[PDB]
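Consider the single chain below, provided in structure tokens and representing the form deposited in one PDB entry.
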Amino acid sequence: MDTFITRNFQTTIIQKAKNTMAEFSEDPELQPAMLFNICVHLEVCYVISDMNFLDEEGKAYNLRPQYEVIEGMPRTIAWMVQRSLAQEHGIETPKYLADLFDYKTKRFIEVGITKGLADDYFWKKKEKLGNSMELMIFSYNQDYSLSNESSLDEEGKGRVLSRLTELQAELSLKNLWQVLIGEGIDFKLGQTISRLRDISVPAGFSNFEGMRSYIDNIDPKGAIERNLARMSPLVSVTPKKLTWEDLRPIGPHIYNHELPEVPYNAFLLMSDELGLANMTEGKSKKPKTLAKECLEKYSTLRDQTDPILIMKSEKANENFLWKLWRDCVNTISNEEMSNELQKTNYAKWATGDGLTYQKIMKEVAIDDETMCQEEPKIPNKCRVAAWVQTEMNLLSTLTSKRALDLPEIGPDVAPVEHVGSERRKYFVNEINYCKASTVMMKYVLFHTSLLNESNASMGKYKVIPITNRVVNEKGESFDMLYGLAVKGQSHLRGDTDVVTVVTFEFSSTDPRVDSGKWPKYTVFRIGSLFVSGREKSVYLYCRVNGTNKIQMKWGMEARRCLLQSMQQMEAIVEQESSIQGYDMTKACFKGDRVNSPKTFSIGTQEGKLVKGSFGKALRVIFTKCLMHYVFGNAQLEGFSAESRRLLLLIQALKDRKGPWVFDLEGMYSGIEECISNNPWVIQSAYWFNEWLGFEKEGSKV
């Protein structure tokens, strides 16, 4: 195979043929028959050209040859050589690339190898090319076909004819002729396609023939400058030098106290969460059994049958929600093995599933004059809410509980592996016990279980516990129950369709200490808890939400926030190391002799900048990623995509790189159109304004 090509042909021809193939890069290794064909073609061309020499005037013996090989070298130079030859000699340049040029007749020639019989491939080539090339064809079986007589003579023909003998004998001897070694197109346009081509020409042309003649006959030199002097001066970029005083705060309306405060709208409680803990031995349990045992450990909360309503949403029915909660509790507490709710008819109306508009045939709908398209729901415009800042503060702190136990990997022997291992160790020692870690794991587990029970259950209205598995420093393992959800079943199974999930989450937070945060939640009081001899009330936050399979998968993949935060950490460390020549992980965490541990600006206290360790910065990065994920929507995506430009402009200002802008108000409007009701977007706008004020202050000095 390849050994045959290596032995039968010299290396230069083989590599030139390989380059010619790579020019037609499809798969230069899968098809070796065409490799053989090309190498044989190049061998024939060389045999033709490597002895037939010429002289200055007419002597067909200095150093000038009568043949120029235009094969085996890249097409970019081959076409230029062909054009130069045609221009110098004044002969028509062929529309196909030539395999060789003969100097005595100063014309391009074509060569080919025919397996079957000569004078047949010759005529096929004549049909292909016509009267632009002189065709010489050599066949595997002794035969030849030429278009003239003053070309290569018998002595040259003998070498080429005998060269094929070895190949044809060895291929047959090696049983490689009946399976390989077996080697112009006419395309016509009809009438409708021709008409479409005729009517698809730019303005000023009648048919496609006129456009074709135009494009390839006129010289367009000077057209761009001709038109630019004709265009209106009003077509301009209007550049302006950016300054610090040009960077006004984004989204001023978030400071208007007449607007409502952003309500909490995440799927699950993050910092107000209260998980009932049941100490276990780490053995894996079914969600229903875990929930049952957790509720048994707290019988007073489980057996609370009367509702003490604390807060109610405007359109929420407290009786429906309480009966749904009791149905979930009774279903999880029973001795059966199914999580389907017992009262399905009641659950149909309690969840609001029965209040769905019925579809009708389009004929009556068209006839009915009272059926109109619904107006889109414009998002409300709200102001800054302190609960977002409180969530940021609380979720970045270290707790006594960790929810991440990743498997092992192989030993590190390469230096890059050691660098990665130390970075990973310092990351885990800082993020393991962060509250955001446990919250992220709770979200991921909830969405995993939500999608798992979204199969062809055909049972509808199941109950899904909101659980987690956690461990502390001492190594003890706890199963935490954060509440229960009831998931409905949509028979319309497309994985983009809303299924209703009614969540009942435990909390120790009084909803009345922050009324503007809980307008979507119906909150009851279900009992009290003693954790360290101190009594804390236990409230049940009930809310009807909706989700589809794609959001369930998105929530499941929310675990990639860990990878995102660690990639950000690695980017920071690598940026620090680029200035230096070594790894700055130790310097960035523990500090070496030449550099003290690095401190980062974390936040403000009474308007004064506060600094902290790299670990606090890493926890802040991780919780920022987690909030970006749990609060993600179109508004957050747009805000993140658009504020990057302002951030980079501010970076250019800081670096004294002399930034210029073409439409600052347009950029500001594009950024601000995304600040409607997303808590994260509004809080990030507030944070951006604060940081921009600090940067303005620091720029003066």
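Counting begins at 1, following the sequence as shown. Between two forms, the rigid core is defined as the largest C-alpha subset superposing within 1.5 Å.
The form deposited in another entry exists for this protein as well; it is not shown, and the discussion that follows is about that form.
Chemist: For the list 142, 256, 319, 604, which one shows a CA move of 2 Å or more between the shown form and the other one after the core is fit?
Modeler: The one that moves 2 Å or more is 142.
Chemist: With both forms fitted on the core, check whether the Cα of residue 655 differs by 2 Å or more between the shown form and the other one.
Modeler: No, because once the rigid core is superposed, the C-alpha of residue 655 moves less than 2 Å between the shown form and the other one.
Chemist: Quick one: once the rigid core is lined up, does residue 402 have its C-alpha move by 2 Å or more between the shown form and the other one?
Modeler: It does not, since the residue 402 C-alpha is displaced less than 2 Å between the shown form and the other one after the core fit.
Chemist: Superposing on the rigid core, is the Cα displacement of residue 50 between the shown form and the other one 2 Å or more?
Modeler: Passes the 2 Å threshold, so yes.
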